[PDB]
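Data first, discussion second: the structure below is written as structure tokens.
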Amino acid sequence: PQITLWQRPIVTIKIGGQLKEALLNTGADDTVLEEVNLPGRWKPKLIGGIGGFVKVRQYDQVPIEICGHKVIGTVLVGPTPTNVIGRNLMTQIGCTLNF
Amino acid sequence: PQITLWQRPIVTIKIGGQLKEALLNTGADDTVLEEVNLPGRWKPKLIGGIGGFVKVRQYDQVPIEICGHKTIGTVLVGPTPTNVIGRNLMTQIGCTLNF
Ligand SMILES: Cc1cccc(C)c1OCC(=O)N[C@@H](Cc1ccccc1)[C@@H](O)C[C@H](Cc1ccccc1)NC(=O)[C@H](C(C)C)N1CCCNC1=O
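Here the protein sequences come in this chain order: A and B. Under the deposited numbering, think of the first position of the first sequence as 1, with each following residue one higher. Under the deposited numbering, think of the first position of the second sequence as 1, with each following residue one higher.
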């Protein structure tokens, strides 16, 4: 799609058999989602860092659908004020900024 | 331009007679820039909010050039870990997310 930015670019993602809402966040390197139980191995990742890091679980090669774009990418699972689709997944969906 | 998101979408902005780097941040409602002296009236704005707000100065109708695109928009001036072009200015430059 073409998403204008008058509103927060919140998109529906499908991940871990759940439909979630997430913000297409070009300011985020990574994709951080709250409350998904992703299967399989993960490794700890420290994210944030300003005032301390937040430990999240990094799951790699996660199938995630973003606006009916099935991609695969790293999803960090842990506390996030809002579910964020970061650049890592936006590149997968071939999402670009255009002006 | 079409900006792919493999890297942080840092763009050069021209504001307050200065060339600055700023992140095209679709996750940011507002544009927050540090160390720009903007002329004229401003009103305080509280931004952030998680753990407390940061007070910044809201300058309205600021001429700002983003990747050569002259636009006018609200620029919040105050502490920001990175200069952020938020959606408010991305709409002005006609920046959209596309995939
Ligand atoms: C910067 C970074 C480094 C390593 C790894 C990752 C994933 C990184 O990126 C993630 C990140 O923190 N991104 C921020 C930028 C960053 C760079 C440097 C230090 C810290 C962060 C920023 O761009 C987007 C971020 C959206 C956000 C989403 C969920 C929780 C919190 C914030 N947007 C916002 O914070 C704004 C501000 C003004 C309040 N915002 C979010 C509330 C509602 N209003 C609003 O407009």
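Every residue gets a Cβ at the ideal spot worked out from N, C-alpha and C, and that includes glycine.
| Is A/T80 near ligand 1, in the sense that its beta carbon is under 7 angstroms from a heavy atom of that ligand? | yes
| field | Continuous alpha helix (DSSP H) stretch holding A/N25: start and end | value | Where A/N25 is concerned, there is no enclosing alpha helix (DSSP H), given that its DSSP letter is neither H nor E.
| How close, in whole Å, do the beta carbons of B/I72 and B/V62 come, if the pair is a contact with beta carbons under 8 angstroms? | 7 angstroms
| said: Under 8 angstroms, Cβ to Cβ, is there at least one residue of chain B near A/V77? | reply: no
| Under a CB-based cut-off of 8 angstroms, is B/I13 close to chain A? | no
| task | Along the beta strand (DSSP E) that carries B/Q18, what are the first and last residues, could you check? | result | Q18 to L24
| said: Counting beta carbon pairs with one atom in the segment 15-26 of chain B and one in the segment 45-65 of chain A, are three or more of them shorter than 8 angstroms? | reply: no
| task | Report the rounded CA-to-CA distance for A/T12 versus A/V77, giving the unit in angstroms. | result | 16 angstroms
| query | When the Cα atoms are used, what is the spatial distance from A/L24 to A/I93? | reply | 11 angstroms
| field | Contact under 8 angstroms by Cβ, residue 129 of chain B with B/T12 | value | In the structure displayed, chain B extends from 1 to 99; residue 129 of chain B sits before or after that span and is not available.
| task | Indicate, with yes or no, if ligand 1 has a heavy atom lying under 7 angstroms from the CB of B/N25. | result | yes
| Between which two residues does the alpha helix (DSSP H) carrying B/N98 extend? | Looking at the DSSP string, B/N98 is not in any alpha helix (DSSP H); the run it does join, the beta strand (DSSP E), is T96 to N98.
| query | B/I50 CB to nearest chain A CB: under 8 angstroms? | reply | yes
| query | For A/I3, which residues in chain B fall below 7 angstroms Cβ to Cβ? | reply | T96 and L97
| query | To which residues of the same chain is A/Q7 closer than 6 angstroms at the C-beta, ignoring the five residues directly before and after it? | reply | none
| message | Mapping the DSSP letters down to three states, classify A/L5 as helix, strand or coil. | response | coil
| So is A/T96 in contact with chain B if we call contact Cβ pairs under 8 angstroms? | yes
| field | A/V62 beta carbon near ligand 1 (any heavy atom closer than 7 angstroms) | value | no
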